[PDB]
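Here's the structure, in structure tokens; my notes come after.
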Amino acid sequence: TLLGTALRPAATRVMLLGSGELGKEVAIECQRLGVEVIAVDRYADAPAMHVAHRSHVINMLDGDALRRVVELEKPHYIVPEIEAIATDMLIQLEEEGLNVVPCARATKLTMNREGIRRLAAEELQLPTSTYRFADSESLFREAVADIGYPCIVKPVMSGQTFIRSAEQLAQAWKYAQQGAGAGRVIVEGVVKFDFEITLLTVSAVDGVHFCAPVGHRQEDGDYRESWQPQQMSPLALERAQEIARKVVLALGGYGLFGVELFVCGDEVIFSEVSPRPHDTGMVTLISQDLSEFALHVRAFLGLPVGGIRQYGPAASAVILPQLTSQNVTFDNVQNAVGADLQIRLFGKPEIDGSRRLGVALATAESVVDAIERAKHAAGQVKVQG
Amino acid sequence: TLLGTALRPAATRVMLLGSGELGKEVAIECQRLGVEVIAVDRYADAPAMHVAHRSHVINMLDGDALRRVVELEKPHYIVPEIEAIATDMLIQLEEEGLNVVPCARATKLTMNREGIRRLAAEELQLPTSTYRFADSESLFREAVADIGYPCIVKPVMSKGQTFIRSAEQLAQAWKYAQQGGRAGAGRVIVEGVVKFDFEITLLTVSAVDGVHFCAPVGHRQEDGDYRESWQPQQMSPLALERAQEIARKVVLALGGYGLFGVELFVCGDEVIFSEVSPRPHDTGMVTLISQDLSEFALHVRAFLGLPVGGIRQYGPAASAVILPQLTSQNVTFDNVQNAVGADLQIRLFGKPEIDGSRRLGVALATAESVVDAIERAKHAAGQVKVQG
Ligand SMILES: Nc1ncnc2c1ncn2[C@@H]1O[C@H](COP(=O)(O)OP(=O)(O)O)[C@@H](O)[C@H]1O
Ligand SMILES: Nc1ncnc2c1ncn2[C@@H]1O[C@H](COP(=O)(O)OP(=O)(O)O)[C@@H](O)[C@H]1O
Ligand SMILES: [Cl-]
Ligand SMILES: [Cl-]
Ligand SMILES: [Cl-]
Ligand SMILES: [Cl-]
Ligand SMILES: [Mg+2]
Ligand SMILES: [Mg+2]
Ligand code: NA
Ligand code: NA
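Taken in order, these protein sequences are the chains called F and Y. When you line the first sequence up against the numbering used here, it's residues 1 to 385, in that order. When you line the second sequence up against the numbering used here, it's residues 1001 to 1388, in that order.
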């Protein structure tokens, strides 16, 4: 691995496609190595642009626009941070010699629920929720009938609905319809699990290494708290690691992957996988020597990971207000920080409804205690408009 | 404490005066809180400018120029990172309502070796090496005669330091101190040599909730640059207590909230004060791997008026500098795959050029002992192939 000096002729250039809070930490980790960072997004002043050398606002769904920006900056690495990108163009560009992290194929497959689900359940023979695909409401209705109630419907490309009864069918389809994949959906049976985790799995030159499992709680479409290490039996852990390694090696390329799994006793079920840092992994900003962001950069730059140290019970709790403002302020911050407690405020330019504006991070002697400390801190922040 | 959102109307704005690698981490820590950062220096593309919202290049020693940039950017906080700043203008700005970190007086006293030495040894009665000031070559010779050999001479306002073992060196020592001093002419300090067992940096944070201390950081200096640093450096209970007392006294005397790098010499249980940075110190870069909150995160937490609460130390750790010698404006770093790994990381600063010996990065490592951490970091730093 050879790195230049940012802003100098031989600089190593990283282009971030998606400049949200996760990309912000990836940018910081690149900056820490003197890597030049170009942050791209569809709106100005996105979080990662604040810490990048320069930025570009473009429609990332427009392949042509994507091509121009890439051609303009000549990046050594293209690091997609969100599903909403013209992956067909990423494939093309990769074909043309560009380095897409972890690989263009991984990006394509993971952005389409069918792609990844067929890979996992069919090709790799991994355990998953039952499922069916549908491209018509009629077909959708038959699928639901085949899966049974309750079941969840999701757009393969984006609108999700937890369907309890046939009364919702009409509305379910319709919402799926409004939420990129020509209206096709997947219909899944509901897995009853004790808890869900994100197994942050780094694929690098020295192989695949795992972070301790991160438990998380989802509510209304957003993760609320995450924690590490989630208590699991050794067998369950082994099973989760085997599933994670198989998926990551099948997707290919170096990077940090967020493997989402459901745990029922000693049984582990694969759900999905992010081919990049995952939001629930923000707990790693306080819980490990190497954050998931630093791991992603280490890996994609072709450097060895070696090991990941875990600093005991830790948690993250989101700061997720709901208001409309273009000039947000945060008061009472003195009651949200202290020993074993930190906060991040993302720099988002505006809000219009629910939006994650920051996160609280805490450590403690027990997982439950860390969760409470983080939650309490997040709740002390007064978000003003 | 109220924080705005960077780039929005109610943003909280911080102006860094000096944009080196220490300022770069202060900038990153402000950015992590959505604080707007304006980085200023005497040269373009300085490390902190890479991670700042906006940057400016001016003569920081020109009070008028400093006022113009402040008037243009309207920062809430002025965070000096080097000594070469118009300190009288910092005093005026503070008088006008700007928050100078930690305070303008602290900057004035520490920018001149005489100010801080007289404050510490005379006003505060803290133990220091013997010393004499001199503003002419003949006075310099008289000072040496009284201090005795060996002694060290340094410009009061900066390089230019010499370890003098005999009269033979008098002539050159004077020359160098003059060339190395502010304006290329000025007063020097002649100090008696303290034969210490080891030296440390006691990173001391003065905040709304009191004064906190990081675990002592030991360091090794060579030819004007710190080479390795480690934490914790073992100290007797009495030595630690005395070190904390000295540090507390100096930080409270200088005033204001922030992290200060208190440099001390240790002789068994006895501790001698040497100097103090009224901001993060280079030897404290080990805290980038050794603590939950680095010295940079602590400085920001403190100056923003937030409580520190406490600082977690993760076990034995060390830093080792990457200090190449070359002339280039396009430096590259190869073999990086052999400089990072388990319990081992590096930082490359993004400095635009080099023309001689200059720190371009640092290696950081953790281990079960400082001895092993130091070796791991030194080895890693040495693996980096610097070319240009
Ligand atoms: N089949 C399923 N059974 C039970 N819960 C599920 C199932 N599929 C998804 N969920 C719940 O919905 C959440 C979000 O769905 P997911 O498939 O991860 O898509 P995304 O993370 O992109 O919204 C999961 O974290 C889990 O809490
Ligand atoms: N009086 C002294 N006795 C012994 N060593 C000294 C003395 N003064 C300085 N040194 C050595 O020189 C180093 C640099 O001096 P210092 O006063 O910290 O200046 P600066 O850090 O501004 O270069 C110290 O860290 C120590 O190694
Ligand atoms: Cl592992
Ligand atoms: Cl913000
Ligand atoms: Cl100028
Ligand atoms: Cl004197
Ligand atoms: Mg998910
Ligand atoms: Mg010093
Ligand atoms: Na910026
Ligand atoms: Na102040």
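The beta carbon of each residue, even a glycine, is placed where N, CA and C say it ideally should be.
Closer than 7 angstroms to chain F by CB, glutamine 1337 (chain Y): yes
Please report the straight-line C-alpha distance between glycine 215 (chain F) and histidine 1281 (chain Y), rounded to a whole angstrom. 38 angstroms
I'd like to know whether the C-beta atoms of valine 202 (chain F) and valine 305 (chain F) end up nearer to each other than 7 angstroms. Against a cut-off of 7 angstroms, the Cβ pair of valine 305 (chain F) and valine 202 (chain F) comes out as a contact.
Neighbour-count burial assignment, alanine 44 (chain F), 16 or more Cβ in a 10 Å radius: exposed
Any 3 or more C-beta pairs closer than 8 angstroms across the stretch 125-132 of chain F and the stretch 157-164 of chain F: no
In chain F, which residues lie less than 7 angstroms from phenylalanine 1349 (chain Y) when you measure between Cβ atoms? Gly34
Touching by the beta-carbon criterion (3+ pairs, under 8 angstroms), the stretch 28-45 of chain F and the stretch 232-248 of chain F: no
Under the rule that 16 or more other beta-carbon atoms within 10 Å means buried, what is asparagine 1099 (chain Y), buried or exposed? buried
is_contact[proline 1324 (chain Y), chain F] using C-beta, thresh 7 angstroms: no
C-alpha distance - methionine 60 (chain F) paired with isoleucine 91 (chain F), whole-angstrom precision: 14 angstroms
Interfacial residues, the stretch 1183-1210 of chain Y to chain F, with Cβ spacing under 9 angstroms: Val1208 and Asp1209
Three-way DSSP call (helix, strand, coil) for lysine 1385 (chain Y) in this model: strand
Report the rounded CA-to-CA distance for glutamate 365 (chain F) versus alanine 317 (chain F), giving the unit in angstroms. 17 angstroms
State the Cα-Cα distance for the pair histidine 53 (chain F) and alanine 1145 (chain Y), rounded to the nearest angstrom. 54 angstroms
What in chain Y is Cβ-close to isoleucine 38 (chain F), meaning under 8 angstroms? In chain order: nothing, as chain Y lies at least about 12 angstroms away.
Heavy atom of ligand 3 less than 6 angstroms from the Cβ of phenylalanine 210 (chain F), yes or no? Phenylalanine 210 (chain F): yes, Cβ under 6 angstroms from ligand 3.
Counting only beta-carbon atoms, is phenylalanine 1296 (chain Y) nearer than 7 angstroms to chain F? no
Which residues of chain F have a Cβ atom closer than 9 angstroms to the Cβ of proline 1232 (chain Y), listed in chain order? Here the premise fails: no neighbours, minimum Cβ distance about 17 angstroms.
Where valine 1208 (chain Y) falls: helix, strand or coil (DSSP): coil
What are the boundary residues of the alpha helix (DSSP H) that includes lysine 1154 (chain Y)? Taken as a continuous stretch (DSSP letters only), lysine 1154 (chain Y) belongs to no alpha helix (DSSP H), being part of the beta strand (DSSP E) at 1151-1155.
Identify the contact partners of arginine 141 (chain F) in chain Y, using a Cβ-Cβ distance below 8 angstroms as the criterion. Chain Y residues near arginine 141 (chain F): none, gap ~46 angstroms exceeds 8 angstroms.
If distances are taken between C-alpha atoms only, which option among F:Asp206, F:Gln310 and F:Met111 comes closest to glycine 181 (chain F)? F:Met111
Work out the CA separation of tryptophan 1174 (chain Y) and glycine 1186 (chain Y) for me, nearest whole Å. 11 angstroms
Proximity of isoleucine 1189 (chain Y) and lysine 1159 (chain Y) at Cβ, strictly below 7 angstroms: no
Does the distance from the CB of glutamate 292 (chain F) to the CB of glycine 281 (chain F) come in under 7 angstroms? yes
Same chain, Cβ closer than 6 angstroms to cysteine 1214 (chain Y), neighbours up to 5 away in sequence not counted: Result list for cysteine 1214 (chain Y): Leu1203 and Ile1311, in chain order.
According to DSSP, what are the bridge partners of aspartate 222 (chain F)? F:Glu219
Cβ pair count under 8 angstroms reaching 3, the stretch 1325-1336 of chain Y against the stretch 360-377 of chain F: no
Tell me whether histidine 50 (chain F), by its Cβ, gets closer than 6 angstroms to a heavy atom of ligand 9. yes
Per DSSP, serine 274 (chain F) is paired with what? Within the DSSP secondary-structure output, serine 274 (chain F) pairs in a beta bridge with F:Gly258.
Under 7 angstroms from the C-beta of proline 1316 (chain Y): neighbouring residues of chain F: Those do not exist, as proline 1316 (chain Y) stays about 13 angstroms from chain F at its closest Cβ, beyond 7 angstroms.
Can you name the residues that DSSP bridges to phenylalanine 1133 (chain Y)? According to DSSP, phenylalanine 1133 (chain Y) bridges with Y:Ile1189.
Considering only heavy atoms of ligand 2, does any lie closer than 6 angstroms to the CB of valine 35 (chain F)? no
Rounded to a whole number of angstroms, what is the C-alpha to C-alpha distance between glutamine 1345 (chain Y) and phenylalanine 1140 (chain Y)? So the two alpha carbons sit approximately 45 angstroms from each other.
With ligand 7 as the reference, list in chain order each residue whose Cβ lies under 7 angstroms from any of its heavy atoms. F:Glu260, F:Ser271 and F:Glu272
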